[PDB]
Amino acid sequence: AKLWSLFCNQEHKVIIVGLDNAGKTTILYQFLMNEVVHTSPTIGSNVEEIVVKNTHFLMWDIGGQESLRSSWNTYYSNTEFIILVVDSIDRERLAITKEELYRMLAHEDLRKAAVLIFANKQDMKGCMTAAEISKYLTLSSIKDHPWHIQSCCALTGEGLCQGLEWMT
Ligand SMILES: Nc1nc2c(ncn2[C@@H]2O[C@H](COP(=O)(O)OP(=O)(O)O)[C@@H](O)[C@H]2O)c(=O)[nH]1
């Protein structure tokens, strides 16, 4: 993507969060194509810091060990974008996604952040619609951050450029 190259050459800070198995790594791979590449969590956290040109991506699983949440606070200041990846077939765990999202948003350090929600795995038959996910997440209630929900399939990259377009 020319749009990805443009975005990353600019000076952005971006958080990508979601439960394990949401599709975070796959989404990033569709753009990164092994260039920059795969790096272990910063000591004392579960947070992967990946630098793409002038852009810093911070990636982590939410919904695991509760004591991990404190490790994230240092990372919040100056974040331009929060990318929330939601597995659209995981009806059973959407409640944890909701809980952690609103926990994260409560931080004054994230007041500047715009939130892109990727409704991922939209290829799967019988998945929740983006509208249902938006309803459950009560996104219409977020008035203090810009937000957008984007249906996607991380495997084919379908929807990913449109999500990125909303960001840029
Ligand atoms: N059917 C389907 N599977 C996906 C999609 N995106 C990711 N997966 C699969 O779900 C699993 C977890 O994806 P991964 O990127 O590792 O998620 P992460 O834990 O959030 O980093 C992998 O086996 C992926 O191949 C999707 O859009 N559709």
# chains A, B, ... in the order shown; residues from 1 in each chain; ligands from 1
>>> closest_atom_pairs(of="segment 98-162 of chain A", to="segment 86-92 of chain A", cutoff="10 Å", atoms="only C-alpha atoms", output="CSV")
residue,atom,partner,partner_atom,distance
A:98,CA,A:86,CA,9.9
A:117,CA,A:86,CA,7.2
A:118,CA,A:86,CA,6.0
A:119,CA,A:86,CA,5.1
A:120,CA,A:87,CA,5.2
A:121,CA,A:88,CA,5.6
A:122,CA,A:88,CA,6.3
A:123,CA,A:88,CA,9.2
A:124,CA,A:89,CA,6.9
A:125,CA,A:89,CA,8.4
A:126,CA,A:89,CA,7.3
A:127,CA,A:89,CA,4.5
A:128,CA,A:88,CA,5.3
A:129,CA,A:88,CA,7.3
A:130,CA,A:88,CA,7.9
A:132,CA,A:88,CA,9.6
A:133,CA,A:88,CA,7.7
A:151,CA,A:88,CA,9.1
A:152,CA,A:88,CA,9.5
A:153,CA,A:87,CA,9.8
>>> residues_around(residues="segment 135-149 of chain A", least_positions_apart="5", cutoff="10 Å", atoms="only C-alpha atoms", output="list in words")
residues 81, 82, 83, 84, 85, 94, 95, 97, 98, 99, 101, 102, 105, 110, 111, 112, 113, 114, 115, 116, 117, 118, 119, 129, 130, 163, 166 and 167 of chain A
>>> select_by_dssp(residues="chain A", states="strand (DSSP E)", output="PDB file with N, CA and C atoms, in the first residue's frame")
ATOM      1  N   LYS A  13       2.010   7.594  16.545  1.00  0.00           N
ATOM      2  CA  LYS A  13       2.042   6.570  17.583  1.00  0.00           C
ATOM      3  C   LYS A  13       0.714   5.826  17.596  1.00  0.00           C
ATOM      4  N   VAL A  14       0.801   4.501  17.503  1.00  0.00           N
ATOM      5  CA  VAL A  14      -0.384   3.644  17.350  1.00  0.00           C
ATOM      6  C   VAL A  14      -0.369   2.426  18.266  1.00  0.00           C
ATOM      7  N   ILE A  15      -1.475   2.239  18.974  1.00  0.00           N
ATOM      8  CA  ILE A  15      -1.666   1.056  19.802  1.00  0.00           C
ATOM      9  C   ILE A  15      -2.583   0.086  19.103  1.00  0.00           C
ATOM     10  N   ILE A  16      -2.179  -1.176  19.079  1.00  0.00           N
ATOM     11  CA  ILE A  16      -3.042  -2.220  18.550  1.00  0.00           C
ATOM     12  C   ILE A  16      -3.301  -3.227  19.664  1.00  0.00           C
ATOM     13  N   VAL A  17      -4.572  -3.322  20.041  1.00  0.00           N
ATOM     14  CA  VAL A  17      -4.990  -4.184  21.131  1.00  0.00           C
ATOM     15  C   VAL A  17      -6.175  -5.053  20.744  1.00  0.00           C
ATOM     16  N   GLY A  18      -6.333  -6.134  21.492  1.00  0.00           N
ATOM     17  CA  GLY A  18      -7.395  -7.083  21.259  1.00  0.00           C
ATOM     18  C   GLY A  18      -7.078  -8.320  22.063  1.00  0.00           C
ATOM     19  N   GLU A  48       4.631  -5.532  22.604  1.00  0.00           N
ATOM     20  CA  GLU A  48       5.585  -5.558  21.487  1.00  0.00           C
ATOM     21  C   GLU A  48       5.735  -4.159  20.886  1.00  0.00           C
ATOM     22  N   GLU A  49       6.930  -3.577  20.951  1.00  0.00           N
ATOM     23  CA  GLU A  49       7.184  -2.310  20.257  1.00  0.00           C
ATOM     24  C   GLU A  49       7.834  -2.575  18.900  1.00  0.00           C
ATOM     25  N   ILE A  50       7.132  -2.168  17.847  1.00  0.00           N
ATOM     26  CA  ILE A  50       7.570  -2.350  16.472  1.00  0.00           C
ATOM     27  C   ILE A  50       7.691  -0.943  15.860  1.00  0.00           C
ATOM     28  N   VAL A  51       8.828  -0.659  15.234  1.00  0.00           N
ATOM     29  CA  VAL A  51       9.038   0.633  14.581  1.00  0.00           C
ATOM     30  C   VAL A  51       9.008   0.430  13.064  1.00  0.00           C
ATOM     31  N   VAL A  52       8.093   1.124  12.396  1.00  0.00           N
ATOM     32  CA  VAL A  52       7.997   1.096  10.936  1.00  0.00           C
ATOM     33  C   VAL A  52       8.313   2.505  10.436  1.00  0.00           C
ATOM     34  N   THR A  55       7.073   5.608  12.471  1.00  0.00           N
ATOM     35  CA  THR A  55       5.862   5.278  13.208  1.00  0.00           C
ATOM     36  C   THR A  55       6.137   4.155  14.211  1.00  0.00           C
ATOM     37  N   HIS A  56       5.693   4.352  15.448  1.00  0.00           N
ATOM     38  CA  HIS A  56       5.795   3.330  16.489  1.00  0.00           C
ATOM     39  C   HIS A  56       4.438   2.686  16.725  1.00  0.00           C
ATOM     40  N   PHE A  57       4.409   1.376  16.532  1.00  0.00           N
ATOM     41  CA  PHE A  57       3.286   0.520  16.863  1.00  0.00           C
ATOM     42  C   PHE A  57       3.585  -0.223  18.159  1.00  0.00           C
ATOM     43  N   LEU A  58       2.623  -0.202  19.073  1.00  0.00           N
ATOM     44  CA  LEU A  58       2.692  -0.940  20.331  1.00  0.00           C
ATOM     45  C   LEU A  58       1.566  -1.968  20.289  1.00  0.00           C
ATOM     46  N   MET A  59       1.922  -3.246  20.405  1.00  0.00           N
ATOM     47  CA  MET A  59       0.933  -4.320  20.213  1.00  0.00           C
ATOM     48  C   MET A  59       0.870  -5.191  21.450  1.00  0.00           C
ATOM     49  N   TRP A  60      -0.348  -5.467  21.916  1.00  0.00           N
ATOM     50  CA  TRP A  60      -0.537  -6.380  23.048  1.00  0.00           C
ATOM     51  C   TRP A  60      -1.905  -7.023  23.132  1.00  0.00           C
ATOM     52  N   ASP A  61      -1.949  -8.199  23.763  1.00  0.00           N
ATOM     53  CA  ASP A  61      -3.193  -8.873  24.093  1.00  0.00           C
ATOM     54  C   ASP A  61      -3.828  -8.260  25.343  1.00  0.00           C
ATOM     55  N   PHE A  81      -3.630   6.885  17.820  1.00  0.00           N
ATOM     56  CA  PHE A  81      -4.598   5.875  17.377  1.00  0.00           C
ATOM     57  C   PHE A  81      -4.620   4.631  18.248  1.00  0.00           C
ATOM     58  N   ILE A  82      -5.824   4.196  18.612  1.00  0.00           N
ATOM     59  CA  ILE A  82      -6.003   2.871  19.192  1.00  0.00           C
ATOM     60  C   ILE A  82      -6.723   2.006  18.155  1.00  0.00           C
ATOM     61  N   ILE A  83      -6.068   0.921  17.736  1.00  0.00           N
ATOM     62  CA  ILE A  83      -6.694  -0.072  16.870  1.00  0.00           C
ATOM     63  C   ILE A  83      -7.139  -1.241  17.752  1.00  0.00           C
ATOM     64  N   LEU A  84      -8.459  -1.369  17.911  1.00  0.00           N
ATOM     65  CA  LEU A  84      -9.054  -2.512  18.592  1.00  0.00           C
ATOM     66  C   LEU A  84      -9.487  -3.595  17.591  1.00  0.00           C
ATOM     67  N   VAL A  85      -8.878  -4.771  17.705  1.00  0.00           N
ATOM     68  CA  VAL A  85      -9.179  -5.905  16.844  1.00  0.00           C
ATOM     69  C   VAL A  85     -10.140  -6.835  17.563  1.00  0.00           C
ATOM     70  N   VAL A  86     -11.289  -7.075  16.937  1.00  0.00           N
ATOM     71  CA  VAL A  86     -12.321  -7.907  17.532  1.00  0.00           C
ATOM     72  C   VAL A  86     -12.545  -9.133  16.645  1.00  0.00           C
ATOM     73  N   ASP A  87     -12.466 -10.327  17.250  1.00  0.00           N
ATOM     74  CA  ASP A  87     -12.835 -11.562  16.549  1.00  0.00           C
ATOM     75  C   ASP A  87     -14.380 -11.661  16.469  1.00  0.00           C
ATOM     76  N   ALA A 114      -7.695   8.515  18.710  1.00  0.00           N
ATOM     77  CA  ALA A 114      -8.801   8.107  17.854  1.00  0.00           C
ATOM     78  C   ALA A 114      -8.871   6.571  17.872  1.00  0.00           C
ATOM     79  N   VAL A 115     -10.078   6.008  17.929  1.00  0.00           N
ATOM     80  CA  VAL A 115     -10.254   4.543  17.984  1.00  0.00           C
ATOM     81  C   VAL A 115     -10.799   3.899  16.698  1.00  0.00           C
ATOM     82  N   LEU A 116      -9.954   3.137  16.002  1.00  0.00           N
ATOM     83  CA  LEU A 116     -10.444   2.285  14.909  1.00  0.00           C
ATOM     84  C   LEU A 116     -10.739   0.891  15.465  1.00  0.00           C
ATOM     85  N   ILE A 117     -11.971   0.422  15.305  1.00  0.00           N
ATOM     86  CA  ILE A 117     -12.357  -0.950  15.675  1.00  0.00           C
ATOM     87  C   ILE A 117     -12.401  -1.794  14.393  1.00  0.00           C
ATOM     88  N   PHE A 118     -11.524  -2.792  14.294  1.00  0.00           N
ATOM     89  CA  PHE A 118     -11.601  -3.801  13.244  1.00  0.00           C
ATOM     90  C   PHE A 118     -12.473  -4.973  13.720  1.00  0.00           C
ATOM     91  N   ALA A 119     -13.642  -5.099  13.091  1.00  0.00           N
ATOM     92  CA  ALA A 119     -14.505  -6.273  13.198  1.00  0.00           C
ATOM     93  C   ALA A 119     -13.932  -7.283  12.242  1.00  0.00           C
ATOM     94  N   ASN A 120     -13.036  -8.107  12.789  1.00  0.00           N
ATOM     95  CA  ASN A 120     -12.228  -9.031  12.026  1.00  0.00           C
ATOM     96  C   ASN A 120     -12.963 -10.357  11.937  1.00  0.00           C
ATOM     97  N   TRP A 147     -14.180   7.740  16.535  1.00  0.00           N
ATOM     98  CA  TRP A 147     -14.141   6.294  16.367  1.00  0.00           C
ATOM     99  C   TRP A 147     -14.723   5.865  15.032  1.00  0.00           C
ATOM    100  N   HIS A 148     -14.285   4.708  14.561  1.00  0.00           N
ATOM    101  CA  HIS A 148     -14.830   4.139  13.346  1.00  0.00           C
ATOM    102  C   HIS A 148     -14.773   2.638  13.499  1.00  0.00           C
ATOM    103  N   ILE A 149     -15.832   1.957  13.082  1.00  0.00           N
ATOM    104  CA  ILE A 149     -15.793   0.483  13.033  1.00  0.00           C
ATOM    105  C   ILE A 149     -15.681   0.016  11.573  1.00  0.00           C
ATOM    106  N   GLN A 150     -14.758  -0.913  11.337  1.00  0.00           N
ATOM    107  CA  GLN A 150     -14.476  -1.429   9.994  1.00  0.00           C
ATOM    108  C   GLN A 150     -14.536  -2.953   9.952  1.00  0.00           C
ATOM    109  N   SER A 151     -15.417  -3.499   9.105  1.00  0.00           N
ATOM    110  CA  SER A 151     -15.445  -4.948   8.896  1.00  0.00           C
ATOM    111  C   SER A 151     -14.174  -5.329   8.147  1.00  0.00           C
TER     112      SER A 151
END
>>> closest_residue(among="A:23, A:44, A:64, A:157", to="ligand 1", atoms="only C-alpha atoms and all ligand atoms")
A:23
>>> closest_residue(among="A:96, A:73, A:29, A:21", to="ligand 1", atoms="only C-alpha atoms and all ligand atoms")
A:21
>>> closest_residue(among="A:22, A:32, A:37, A:43", to="residue 1 of chain A", atoms="only C-alpha atoms")
A:32
